[PDB]
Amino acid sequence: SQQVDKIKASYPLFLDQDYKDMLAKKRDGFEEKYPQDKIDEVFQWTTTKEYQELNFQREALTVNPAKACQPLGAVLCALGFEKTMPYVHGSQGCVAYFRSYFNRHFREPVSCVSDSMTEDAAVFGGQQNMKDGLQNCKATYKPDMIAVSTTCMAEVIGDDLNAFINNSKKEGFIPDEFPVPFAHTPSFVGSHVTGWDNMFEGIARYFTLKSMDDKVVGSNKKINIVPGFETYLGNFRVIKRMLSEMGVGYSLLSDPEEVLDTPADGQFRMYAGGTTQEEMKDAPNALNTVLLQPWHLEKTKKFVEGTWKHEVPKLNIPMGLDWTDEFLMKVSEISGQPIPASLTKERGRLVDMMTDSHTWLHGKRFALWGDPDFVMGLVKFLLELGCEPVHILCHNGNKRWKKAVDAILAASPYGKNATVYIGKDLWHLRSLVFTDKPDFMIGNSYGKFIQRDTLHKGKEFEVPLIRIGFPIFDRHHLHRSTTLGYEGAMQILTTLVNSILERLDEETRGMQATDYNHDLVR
């Protein structure tokens, strides 16, 4: 029943006694459910080190991954270009999933097409889909550019992308001049970050490969910035701001900031801002190329060094204090622009907050996950804060990366209790947070179920989730945040100490029990 002036949704409606009674009758009558004693015994078992040992012995099963597939990344890269439509050659179920996945993180429209390859294309290939697909898309959604990637069906069946697109133009489905960069993005290789790298290098080749003859390095006096897979609007914006604050000329290559943040003023804008075509054509003329997330930009790096002849500096992601410093100094070395007083003051303000909050942060233990550049940045910043990065997990990481994070760990006394794990999933992480309990997890929304698991063992075993990464679905507008630079560092610092302080308030809220430590001032 409902009381019309206090309507209940599913929670708490189904805690009503008649619903409770009905659900116990369904269970006992027809579900043939394991006894609650057994369920309890097994759950306890899944918290033990005996269970953990078995867990890490998996070779074939994956459970609760912390990665997605290549084409997701190519779509995100494609959306960063002006009036560009992402176009995934292959099966349409993929594109429904990529759109809804990004929809739910950004709470924005995500425009992307497929060419709907079905069983007929499984048999006869997907060239007809490409010809009609290109023409329908250009005519219907009037992009200035269509950026093609692939689903795994189109890779397995061997569709020659370059030939299909060439035949589309020769037979007049689309104009010969119309830009259609493409990249193979097999979802059974690498992860969503790899697809972004593959997509970007495909677009860079389309606009620079056959025109290098007139290019002079440094002619335009800019620095190109490639951001990689980036789902924080504040990170596109902080880099641009800091470069403009220095008077540094720059070209941000793949910039979806406008199209992922349109105003609701009465009109839907399918496209907005983004990198221009002429910016890619002119990119080899830049002084140099800075790669914001180099551990998933290796294919792009080989091409910019190989073909544009840029001396890409080895910078880590500009996260935390030391690496933001190095980023601005290398930018100053390249550009000739001094580091202006405003940025040195902002830096001092970060340091001021570090001194302010260090007592609450010191020795606090964290489990975290994410993509490789993000994870190592986070580890580096936790060390600078004097925290301990106990369980470092990167499902889409590789051994070269692990070597780099381990030596970052070895350089600080706060990394003595840290282990890096690559190729492990969030069911692995679950065991670790039961057997070697940290204070908190830093991670994406899938972390909420690990938290729920740890609370079930008991309030004293619960590991609270601090949501930083991708995707974040169960909180609103955190994609507007910043993780890079001093601005990102200050946001991360603030979130961490306030998560610690919120937890302590909760643990000391108990009157005449723990509230002696329920201090007004912290």
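For every residue, the number given is its place in the sequence shown, counted from 1. We call the rigid core whatever largest set of C-alpha positions still superposes within 1.5 Å between the two forms.
Visitor: Please work out whether 86 to 94 or 123 to 131 has the higher root mean square C-alpha deviation in 4 other deposited structures of this protein relative to the shown form, with the rigid core as fitting region?
Guide: Higher root mean square deviation of C-alphas in 4 other deposited structures of this protein is shown by 123 to 131.
Visitor: For the C-alpha atoms alone, is the average B factor greater in 326 to 334 or in 370 to 378, going by the entry?
Guide: Higher mean C-alpha B-factor: 326 to 334.
Visitor: Would you mind comparing 207 to 215 and 255 to 263 for me and telling me which has the higher average C-alpha temperature factor in the entry?
Guide: Stretch with the higher mean C-alpha B-factor: 207 to 215.
Visitor: Maximum C-alpha temperature factor per the entry, among 117, 85, 404, 393, belongs to which one?
Guide: So the option with the highest C-alpha B-factor is 404.
Visitor: When the CA B-factors of 231, 355, 149, 342 are compared as recorded in the entry, which is the largest?
Guide: Among 231, 355, 149, 342, the PDB entry lists the largest C-alpha B-factor for 342.
Visitor: Compare the C-alpha B factor of residue 22 with those of the other modelled residues in its chain, then answer lowest, middle or highest third.
Guide: Tercile = highest for this residue's CA B-factor.
Visitor: Using the B-factor values recorded in the entry, state whether the Cα atom of residue 473 falls in the lowest, middle or highest third among the modelled residues of its chain.
Guide: Answer is lowest: the recorded C-alpha B-factor places it there.
Visitor: Rank-wise, by C-alpha B-factor, drop residue 59 into the lowest, middle or highest third of its chain.
Guide: Top third by C-alpha B-factor.
Visitor: Based on the entry's values, in what third of the chain does the Cα temperature factor of residue 138 lie: lowest, middle or highest?
Guide: Middle third.
Visitor: Taking the chain's C-alpha temperature factors as the reference, tell me which third residue 52 falls into: lowest, middle or highest.
Guide: For residue 52, whose C-alpha B-factor we compare with every modelled residue in the chain, the answer is the middle third.
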